[PDB]
Amino acid sequence: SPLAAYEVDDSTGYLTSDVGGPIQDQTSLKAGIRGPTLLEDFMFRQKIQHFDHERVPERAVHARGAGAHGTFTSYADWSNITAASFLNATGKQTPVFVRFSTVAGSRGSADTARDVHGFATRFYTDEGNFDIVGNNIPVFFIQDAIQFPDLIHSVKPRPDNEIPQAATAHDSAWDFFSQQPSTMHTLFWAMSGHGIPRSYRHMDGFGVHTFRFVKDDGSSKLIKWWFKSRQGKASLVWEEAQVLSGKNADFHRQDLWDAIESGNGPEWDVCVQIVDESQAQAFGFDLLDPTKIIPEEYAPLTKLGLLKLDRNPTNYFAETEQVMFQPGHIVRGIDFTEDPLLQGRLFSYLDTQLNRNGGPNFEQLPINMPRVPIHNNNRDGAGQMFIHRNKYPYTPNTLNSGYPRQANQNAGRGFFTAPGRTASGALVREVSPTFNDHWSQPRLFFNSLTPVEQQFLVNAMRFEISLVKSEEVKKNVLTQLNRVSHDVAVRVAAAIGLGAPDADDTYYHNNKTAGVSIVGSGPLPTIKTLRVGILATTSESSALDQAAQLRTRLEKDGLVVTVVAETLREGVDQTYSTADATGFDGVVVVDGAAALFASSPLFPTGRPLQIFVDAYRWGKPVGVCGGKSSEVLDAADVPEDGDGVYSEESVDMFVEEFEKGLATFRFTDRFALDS
Amino acid sequence: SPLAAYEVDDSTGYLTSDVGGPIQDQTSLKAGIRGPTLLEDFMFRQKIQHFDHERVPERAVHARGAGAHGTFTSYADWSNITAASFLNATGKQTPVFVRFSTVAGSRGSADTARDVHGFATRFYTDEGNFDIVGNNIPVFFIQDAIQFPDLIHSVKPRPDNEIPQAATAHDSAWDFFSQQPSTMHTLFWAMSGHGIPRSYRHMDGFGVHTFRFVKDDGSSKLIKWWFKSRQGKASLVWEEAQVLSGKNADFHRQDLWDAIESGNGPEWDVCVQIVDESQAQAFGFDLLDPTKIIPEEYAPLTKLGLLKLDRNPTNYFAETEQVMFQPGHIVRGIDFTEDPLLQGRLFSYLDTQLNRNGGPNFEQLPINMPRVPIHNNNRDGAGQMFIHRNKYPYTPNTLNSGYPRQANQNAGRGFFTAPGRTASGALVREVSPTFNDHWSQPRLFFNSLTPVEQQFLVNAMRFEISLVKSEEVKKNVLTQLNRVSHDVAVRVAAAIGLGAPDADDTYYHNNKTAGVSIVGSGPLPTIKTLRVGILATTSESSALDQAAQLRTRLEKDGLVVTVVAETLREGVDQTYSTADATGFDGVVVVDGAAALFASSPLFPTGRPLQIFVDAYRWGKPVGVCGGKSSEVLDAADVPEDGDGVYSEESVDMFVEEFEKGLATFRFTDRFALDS
Amino acid sequence: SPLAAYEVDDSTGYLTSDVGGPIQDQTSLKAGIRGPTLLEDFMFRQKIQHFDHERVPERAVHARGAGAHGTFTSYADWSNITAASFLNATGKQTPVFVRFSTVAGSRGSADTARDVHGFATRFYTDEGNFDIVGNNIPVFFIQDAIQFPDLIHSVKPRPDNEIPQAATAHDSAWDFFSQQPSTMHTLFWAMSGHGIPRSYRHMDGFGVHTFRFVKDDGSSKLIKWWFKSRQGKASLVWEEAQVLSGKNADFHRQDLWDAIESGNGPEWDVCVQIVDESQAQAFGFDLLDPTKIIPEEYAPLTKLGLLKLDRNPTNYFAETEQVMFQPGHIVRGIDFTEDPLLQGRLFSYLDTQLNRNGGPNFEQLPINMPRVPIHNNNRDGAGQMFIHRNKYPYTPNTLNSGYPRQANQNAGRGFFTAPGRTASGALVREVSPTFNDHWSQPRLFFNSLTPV
Ligand code: HDD
Ligand code: HDD
Ligand code: HDD
Ligand SMILES: [Ca+2]
Ligand SMILES: [Ca+2]
Ligand SMILES: [Ca+2]
Ligand SMILES: [Ca+2]
Ligand SMILES: [Ca+2]
Ligand SMILES: [Ca+2]
Ligand SMILES: [Ca+2]
């Protein structure tokens, strides 16, 4: 509806060419009924040419992703810290579009690959489009934009055979990580549950770089952007993520689409850490360094407003595929910093859209257009959609009365560089020595996780590094891990049959910071949209009655309920053939269905039991409803007294207990820990 | 209208980026006042990226041209001969756009090169866009589309050095013409005054190919399209065209622009010759052969309606440069024929727009859009400007209720191939023997010109062939010319110092046809827009008074008057420095200015007399107004008794006589003839 | 030819497709002798598709031009002023390609329009391609690259009707000149005989900007490039130029082509004015200001070597139309200055080749290739002609033994920024007041012409 002016309705009418001539498109024109096709068949050629040219280049990174429309609402008048118009009044609303993504995979790769995730937000402001092009991880692998192709070549598939897809689990990636120690912090985040989020809705977004807020008086402060999820944080477990990559490559885009259509559109508090210019080097690291966080203990979050996604696209290609974000899409009241990663990005995003669009007029695509007037002397180029009336498109002119007028700090609400910014020194291709500590913050992050989270991170590294063929690369990796934590290096080395190097305690410490643990972020604040699989049977009418009564009680609380049975019928959503534990956040067996848990042509041997066992092993709340639990729980080897295992006769009591389980989300006592 | 919706007004406001952010664009952002430019200067890069990408590939042919908007009005309900909707009612109006062009020159080449000229007309009909992509000459050089690159490579500049621009006067072109005798008919037209028309408004347009008109009952007739100029026919002389190419490379586009702005928008009667399907081979040649005309004596013209151009474009690049014509843009009621030149064109024009536009969505540019709804399953591609609501874009479907519906002869006013068409025989790459007479019609054309026109054509061939370096090519040329006319070959040979081959009378005859002669087409039906230069002086108050009284009386009759003098002042439009005889259709000297016709720092020596003499030598009406007369005519060696030479004291009597001269347009008795 | 390995010979043999299948190309395949053309006629479609796509975008400026190959020969070992390898020995020869042009006209406009002219030279050095992208007039219209589209829009045809072609003789151009007084110096040069040279061979070339020569020890000097014509200087007269624009739009390209074929290949002494860094503001104007010349009386020319053009192209499109010059094509021993016109050009020329070539691999076109090995981790892109053996194209790596190695001042003959260059002050979009005298040098130029 924000792009309603560009919509084309095909719910009625006769087929036409692109120039409005009514045609057919089902049979080629031929010289006789069993004859050759004619070149004069323009109906054929226009249709096939279009098809032949449908594809455009995938994004060079973040190729796999999905988007939605929404609204940003300001919680206050923020004039006292920024001139930005979209933040200048309590309750002020601005349309947004957001795209979420992975980084490394090509555009049909699985959502649930282990990776960094993008979170890109466009504010269609009344003073121009403003984009925050962020990730779900607050720090980046590298300290200089010029290194980006080195990073990306190393993590993408090996270029002789293009193996492996959407994965860091190969020699080249771990070679790069071990030789470029800046990578350690982002690596630790990606090897945590932050690399396999439960959904786009259950992850945060970060600007990563320090930016500036600039007031109308010219004064500036340093900021970091934080989008805090109102759905809570949650992750998958790796073994789950692997199966889900096969059973549902579209899991995250489906989850987002469904949440929006059910009226559960996801929300984030859009926040900033704000510090003075004088604190650039006050926190024991450089705020120009994008491998570093500011701990919340040193600078608290200020909540600026609400981001809500509540409308799905009409056409994916036209909206999601074509949206072209840029950190260069900046508005008055915001400015850059001398972060050498940010500085280079400003070049890349303007240039890459030429590749994607094939032409320079990509800002004229509906999804990229602003919602205010455009007044400039840009002309021509392939795909030019405007018809410009001003026939004197040069400045300075008298023949168009000196219009358009120049905008700056003092006239026309122009963008302006923060006027206190300076530069001083030699022109150098040198790294600031203030960037040289690559290991303390990785250690801060590791220290801040729970014991089971630390085990999962260790396990993710053991998984990936065990697939590295080069013994030299594996040694080099242990050398770098060892500088973060001797314990990590020892535990990782045990899996790959190497000795860890001797402890090097230069960067070891015991500091912790709040807000980076997933397990530690307590029960989820809402269980709406979570998925409950009810395993039933058509062989017992009482099993379907149990299923229907459970459905009513669970749906009342906004859970998405799937009843599973051997075959479809009224009340049954899915067959055992298509069902999997990866499709549910909790699994309930109705006790009328106990007999399935001891063969059928309608689903693979042991499928009903496998769903239950997989769900248990992956830490999910599981239960049996009806009061006869022993047969199912014994077949599964699930103890009745287990945490997150439910056994009740009463449907009401069953659901009350089970819903607490869904909020807990994962029962971490079911995972073994290294001594 | 898609044009009005995309018009952009920059007559007020502050400069913005393409995403609506107010900016400046006059100074680069630098590290200090004498420092280097910063990469983070997004204002710089967006502006320069746009400039860097302004150009698109020129058209492969017809790159040099100009366009205007107007209206077509039907004179009648033509249902009795065609189903075409734009012809289905008396007074029915359809918007048009027309582009006129040369063929061989690049953008930037001179309008007044000797060449075939394009005349491409788009009708934005209520049943889709219909294009007639025609030339100002009714026959084409070649008989099969597959030869087009051979023709075009031969006429375009030699590919080692890219010489010469916009000219057939070089060895490769005449090699091709002499080896491919199909070229003779079009060659004769191009070597006549049809190769150097006075304006786009003073030339006719032709579809060239035989097409079909198809009725709603399925019956068909064969047609040729003829656009007959209501301004009359007129040419330049070669020596004038050469000078004009240097003095004003924009002469034809200026003439069109100016006529439209003064409310003298040019008009054509849109006509057809209509013959029965059974007459395809009845006239002594094949109607599938595009090297042949139907003589008016064999099939008279039917006037279908009025084409008027009356509005200039707003932005040349957006409208004229981007307009993308196709013979494949056809409507119900029209069909193709098996002309092997037409057949191949249908492929070329769909394909080449991919080159020009850089992507498949070229029909979405405003100038290319239709004026009725588009309903089809074409999707995606670079530059996709629509948001399609139908999410089941396939046929057959139930999930969008079977829409869009198929259109055909019986439903939806679908296009349909003429149902009487058949094909029979071997699949062959062979030329029909009915196409083999390459010489009789060239001779018919030559016979139909006046003696002086025949001399001009011989003179154009003497000029071009004299510049061919190869003696063998020159001999081969005489061989082919000789098959058309022994006299032509004798007269051409005299200039290049070869002997003509012996007469070969196989194709010789004395038949003539009406309507192909320019000299023969009688006085112009209107003199509005024609240019009168009045040569005066600032020395003499009486010269300027003579000039002003002449101006008033000439401007009354719609003539564009320029008073020329040594310097500008009130009443004087142009200096002798910038004035040339090529800028006028008639030249008047006022008596008071006699002294200039016997040196000055304000213009080149002899410029005033040169303008007068050049005008006389090129056949234009010339005179002296004031009744001294003898001194100026003696200085010029212009005889007072000469046809188109005027000498009067009375301004009223002078103008009455002079205006008849302008209608006569050219005085051909001033050109020498071969014995 | 220097480009002999890429040449295709068609002086014998049978017509083939682009994939070597022998074919014909004179008649379409039809359903009967008077029948419609068949879609299965691949001979037709491959031929016509190629034709349909022959054209590329003309250059945004300098679209009308012509080129030739030649040789540059150094007169000495210039190590005392520059590390540049092509200048490091007496008699050292380097292949060149040069393109000359007008500025404003489209690619079939007249050579003898009144205009500034381009003079672009590529040296295919043994340390990489070095381009000097110069003009025949030593000063430019504007003082900041960001103004270039304003200048060019004003001088190009009015955008409602695209009139007039290749001429400053219209309201918009003179509006710009009169409102932007920086333009006065170049305007006076264009309005002199330098706007209508007799030939490309009878004009000089200038780098325009101050550049730096950098020695292997890191010290730098400021230079201006001057290519002095050994044929002399000569102009047309305007009335002559106008007539010639119609009688022979190809006059300058024909003149060059003919001179080369007759064994009269044109020559230039390649010269520099060399001054110390301390003289940037010593001559009464700023050397960062591209609207200013250094009078020969203040800094004399040093002759570095001979440029001779002596071989015409084989294929105009492939060589002349496709050559893609960049001031960013720099070699060790040369460096930029903070001239805000030069600074912006560095961005433009890399970007615009994407428009012309339609793809990122434009340096692989034969005319653009270097004459020395390429070792880098650039990969893929449309039109990729190389087959790279190194399957670890990232730095730092161990799996390709740390190759390619980094090159810099101290290893691998790397390019390096002149190490004494600094910046200091506010980040500003402000013009230096040292650039404000727009009128004295125009007057110096006018004073220096003869009465006629
Ligand atoms: C020097 C190059 C470079 C560097 C250092 C980065 N990126 Fe980037 N990024 C690109 C070059 C790039 C790109 C090649 O320009 C992409 C590809 C597609 C596009 O429009 O831009 C891109 C895409 C891209 C997307 C996808 C936007 C969308 O959904 O369409 C996200 C979310 C980011 N990037 C985020 C980041 C973050 C958070 C970074 C570091 C803090 C980062 N990028 C550094
Ligand atoms: C098989 C190729 C071929 C053949 C045989 C022809 N043409 Fe064509 N023509 C082209 C291939 C083409 C082209 C390459 O497709 C052009 C260049 C730009 C475009 O839109 O199509 C074109 C452009 C073009 C234009 C310019 C349209 C404009 O103003 O934009 C006109 C007026 C014609 N042609 C007319 C003719 C006529 C009357 C022909 C024979 C009767 C003819 N052409 C044969
Ligand atoms: C910021 C933009 C800009 C600015 C300030 C300039 N130019 Fe430029 N120039 C271009 C943008 C450009 C371009 C758009 O990037 C072109 C078009 C084609 C190409 O390869 O580069 C170009 C082409 C071009 C050519 C044609 C090279 C060839 O023959 O292919 C010459 C000789 C010059 N320029 C010379 C200059 C000189 C002597 C300048 C000032 C001292 C100058 N340009 C400033
Ligand atoms: Ca690998
Ligand atoms: Ca976790
Ligand atoms: Ca392209
Ligand atoms: Ca030739
Ligand atoms: Ca049909
Ligand atoms: Ca103008
Ligand atoms: Ca002179």
Side-chain angles (χ1 to χ4, degrees), chain B residues 25 27-37 44 48-49 51-58 60 105-109 144 146 149 159-166 242-243 245-247 249-250 254 257 288 315-316 338 340 343-344 347-348 351-352 355 423-425 428-432 604, chain C residues 25 27-37 44 48-49 51-58 60 105-109 144 146 149 159-165 239 242-243 245-247 249-250 254 257 288 315-316 338 340 343-344 347-348 351-352 355 423-425 427-432:
Chain B
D25 74 347
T27 315
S28 299
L29 174 69
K30 298 172 290 198
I33 190 69
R34 293 182 68 253
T37 299
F44 175 85
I48 297 305
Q49 178 168 296
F51 171 81
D52 291 341
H53 288 263
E54 285 186 5
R55 307 293 172 267
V56 302
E58 77 185 15
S106 281
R107 290 170 90 245
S109 62
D144 192 320
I146 200 171
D160 57 337
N161 59 14
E162 201 192 47
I163 301 170
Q165 183 62 206
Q242 288 229 279
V243 171
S245 294
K247 301 275 176 179
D250 303 302
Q254 186 80 72
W257 192 281
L288 301 179
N315 186 271
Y316 181 96
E338 298 81 1
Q343 292 275 310
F347 170 82
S348 178
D351 172 49
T352 201
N355 172 268
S424 202
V428 291
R429 294 175 162 91
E430 293 161 15
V431 182
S432 174
Chain C
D25 76 346
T27 311
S28 299
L29 178 68
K30 298 170 293 192
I33 190 71
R34 297 183 62 252
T37 301
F44 174 88
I48 298 308
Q49 178 171 293
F51 171 82
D52 290 343
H53 289 260
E54 283 184 5
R55 302 298 173 270
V56 302
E58 73 183 19
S106 282
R107 69 185 319 286
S109 62
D144 192 322
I146 203 172
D160 60 335
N161 58 13
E162 199 188 52
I163 301 170
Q165 184 60 207
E239 181 189 19
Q242 289 187 296
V243 170
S245 294
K247 301 274 175 179
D250 304 299
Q254 186 78 69
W257 188 91
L288 299 181
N315 188 273
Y316 182 94
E338 300 79 5
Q343 289 277 310
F347 170 81
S348 185
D351 175 45
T352 204
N355 173 268
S424 200
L427 304 196
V428 291
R429 288 180 167 94
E430 284 169 357
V431 179
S432 177

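The chains referred to below are lettered A, B, ... by the order of the sequence lines, with proteins before strands, and numbering in each begins at 1. For the numbers below, each heavy atom of this structure counts, side chains included, while hydrogens, waters and symmetry mates do not.
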Contact class of [X] relative to chain C, heavy atoms under 4.5 angstrom:
X: B:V428; result: both
X: B:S28; result: both
X: B:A166; result: neither

If you tally heavy-atom pairs under 4.5 Å against chain C, which of [options] wins?
options: B:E430, B:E338, B:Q254, B:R34; value: B:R34
options: B:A249, B:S348, B:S424, B:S106; value: B:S348
options: B:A31, B:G35, B:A60, B:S109; value: B:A60

Q) Please walk me through it: do C:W257 and B:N161 pass side chain to side chain contact (heavy atoms under 4.5 Å, CB included)? A) CA-CA 7 Å; C:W257 188 91; B:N161 59 14; 3.5 Å; yes
Q. Under 3.5 Å, is there a donor-acceptor pair linking the side chains of B:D144 and C:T27?
A. no
Highest number of heavy-atom pairs under 4.5 Å with chain B: which of [options]?
options: C:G344, C:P36, C:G425; result: C:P36
options: C:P164, C:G105, C:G246; result: C:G246
options: C:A423, C:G32, C:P57, C:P340; result: C:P57

For the side chain of [X] and the backbone of [Y], is there at least one donor-acceptor N/O pair under 3.5 Å apart?
X: B:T352; Y: C:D52; value: yes
X: C:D25; Y: B:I146; value: no
X: B:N355; Y: C:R55; value: yes

Q: For B:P604 and C:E239, work out which heavy atoms get closest and say how close.
A: CB-OE1, 3.5 Å
Side chain to side chain, [X] and [Y], heavy atoms closer than 4.5 Å:
X: B:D351; Y: C:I48; value: no
X: C:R107; Y: B:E58; value: yes
X: C:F347; Y: B:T37; value: no
X: B:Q242; Y: C:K247; value: yes

Distance in Å, [X] [atom1] paired with [Y] [atom2], rounded so as to fall on 0.5 Å steps:
X: C:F44; Y: B:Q343; atom1: CZ; atom2: CD; value: 9.5 Å
X: B:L29; Y: C:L427; atom1: CG; atom2: CG; value: 6.0 Å
X: C:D160; Y: B:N315; atom1: CG; atom2: CG; value: 8.5 Å

Q.
With a 4.5 angstrom heavy-atom cut-off, is it the side chain or the backbone of C:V431 that approaches chain B, or both, or neither?
A.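 Its backbone and side chain both get close to chain B.
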